[PDB]
Student: 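Below is a structure I'd like to ask you about.
Remember, it's 1-based here, ligands and their atoms both numbered in the order they're listed. Worth knowing before you read on, the calculation uses all heavy atoms, side chains too, and leaves out hydrogens, waters and symmetry mates. Naming: A, B, ... by sequence-line order, numbering from 1 per chain.
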Amino acid sequence: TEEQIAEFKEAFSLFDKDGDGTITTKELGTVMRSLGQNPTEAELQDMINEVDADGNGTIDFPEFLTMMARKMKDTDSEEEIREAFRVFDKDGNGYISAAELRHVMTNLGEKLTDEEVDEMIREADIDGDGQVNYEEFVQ
Amino acid sequence: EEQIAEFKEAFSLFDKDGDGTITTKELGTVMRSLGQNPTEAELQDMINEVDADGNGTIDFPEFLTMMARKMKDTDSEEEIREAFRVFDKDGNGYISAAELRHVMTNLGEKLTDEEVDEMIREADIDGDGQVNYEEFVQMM
Ligand SMILES: [Ca+2]
Ligand SMILES: [Ca+2]
Ligand SMILES: [Ca+2]
Ligand SMILES: [Ca+2]
Ligand SMILES: [Zn+2]
Ligand SMILES: [Zn+2]
Ligand SMILES: [Zn+2]
Ligand SMILES: [Zn+2]
Ligand SMILES: [Zn+2]
Ligand SMILES: [Zn+2]
């Protein structure tokens, strides 16, 4: 456990009174109340929306992690996209090359022709440089 | 950091014609330049241990495998595990449904609770409701 997952798993399961894997405004409100806080039904749905990546109005364990990390959903989202980008950028120079895309896609089970790889890099290459950078990846 | 600049320096030495790939011909020239007379078979062999895409020649990412001391199967397994780690947000060794949904969404694939639960279904071989590493390797 990191800056403790185990503790966050503890916390989450306190909040998630009914064990359904999500924390509602209802359940969130009960806990805040127990600590002598009086949030409104809007303050609560706001607390949830800060982290509600799948937009369902409720907090699942992953999104709960965002909360615990202090982050908003947009920031958490950007960390995850970067971890993805890093899987492809094997040499870590900030750009995915055609060879890297082909190499890693193949290693992840998706064998692509030199045709399909060159096309995928074409499409995403906005800077015009023959390589896919982080901002370019983000689409 | 310095490792990669020197690996990049090395690759360009080998890849005399700036191709972006290293052939048995080019590989053989450098070995010849130093101590050895490898056979065509020995060279094709050297390449085959890192040729992930099977095209018979060494590109730069495959060249990194060599320089990491690895074979292609080992390199491949590390890259899968890095992928698995993107999904396993809490790092306990299992991709939950909530995790798959959460990370797919954040990578620009919004899936229904329906499709996520199906995806975990199909890859979940031991029936525990979660996708472990070996199960992930199978799904890919
Ligand atoms: Ca609940
Ligand atoms: Ca570019
Ligand atoms: Ca190759
Ligand atoms: Ca997990
Ligand atoms: Zn949610
Ligand atoms: Zn997240
Ligand atoms: Zn790169
Ligand atoms: Zn060449
Ligand atoms: Zn590799
Ligand atoms: Zn399983």
Student: Looking only at N, O or S atoms in B:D75, which is nearest to the Zn ion (ligand 9)?
Tutor: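 The nearest such atom is OD2.
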
Student: Is there a salt bridge (charged side-chain N to carboxylate O under 4.0 Å, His left out) between B:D113 and B:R101 once you walk through the steps?
Tutor: CA-CA 7 Å; B:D113 285 359; B:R101 184 183 51 205; 3.1 Å; yes

Student: At the Zn ion (ligand 10), what's the angle from B:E135 OE2 to B:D126 OD1, rounded to 10 degrees?
Tutor: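 Reported to 10°, the angle equals 80°.
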
Student: Quick check: does any side chain N or O of A:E80 sit under 3.5 Å from a backbone N or O of B:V103, one acting as donor and the other as acceptor?
Tutor: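 The answer is no, because no donor-acceptor pair under 3.5 Å joins these two groups.
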
Student: Hydrophobic clusters here meaning ILVMFWY residues chained together by side-chain heavy-atom distances under 4.5 Å, can you tell me if A:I5 and B:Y94 are in one?
Tutor: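 A:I5 does not cluster with B:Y94.
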
Student: Just checking, any donor-acceptor pair under 3.5 angstrom between side chains of A:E7 and A:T1?
Tutor: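 Looking only at side-chain atoms, A:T1 and A:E7 do not form any donor-acceptor pair under 3.5 Å.
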
Student: Give, for atom CD of A:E119 and atom CD of A:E123, the distance between the pair rounded to the nearest 0.5 Å.
Tutor: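 With rounding to 0.5 Å, CD (A:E119) is 5.0 Å from CD (A:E123).
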
Student: Could you grab the angle centred on the Zn ion (ligand 10), going from OD1 in B:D124 to O in B:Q130, to 10°?
Tutor: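 Vertex the Zn ion (ligand 10), arms to OD1 of B:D124 and O of B:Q130: 90°.
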
Student: Specify which N/O/S atom of B:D128 comes nearest to the Zn ion (ligand 10), by atom name.
Tutor: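 That would be atom OD1.
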
Student: Have a look at the Zn ion (ligand 5) and estimate, to 10 degrees, the angle subtended by OD1 (A:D52) and O (A:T58).
Tutor: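 The two atoms form an angle at the metal of about 90°.
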
Student: For A:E43 and A:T40, does a side-chain donor sit closer than 3.5 Å to a side-chain acceptor?
Tutor: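 A:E43 vs A:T40: no donor-acceptor pair found between side chains.
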
Student: Would B:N55 and B:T57 count as having a side-chain donor-acceptor pair, cut-off 3.5 Å?
Tutor: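 Their side chains do contain a donor-acceptor pair, which is all the 3.5 Å distance test asks for.
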
Student: May I ask you to check whether A:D60 brings an N, O or S atom to under 2.8 Å from the Zn ion (ligand 5)?
Tutor: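 Given the 2.8 Å cut-off, A:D60 does not count as a ligand of the Zn ion (ligand 5).
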
Student: Can an N, O or S atom be found in B:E79 less than 2.8 Å away from the Zn ion (ligand 9)?
Tutor: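 Yes - counting backbone and side chain alike, B:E79 has an N, O or S atom under 2.8 Å.
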
Student: Round to 10° and report the angle made at the Zn ion (ligand 5) by OE1 of A:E63 and OD1 of A:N56.
Tutor: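 Result: 150°, to 10°.
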
Student: Which atom, among the N/O/S set of A:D54, is closest to the Zn ion (ligand 5)?
Tutor: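 For A:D54, the N, O or S atom at the smallest distance from the Zn ion (ligand 5) is OD1.
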
Student: Of all the atoms in A:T22, is at least one N, O or S atom closer to the Zn ion (ligand 5) than 2.8 Å?
Tutor: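 Looking at A:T22, which is the residue asked about, there is no N, O or S atom under 2.8 Å from the Zn ion (ligand 5).
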
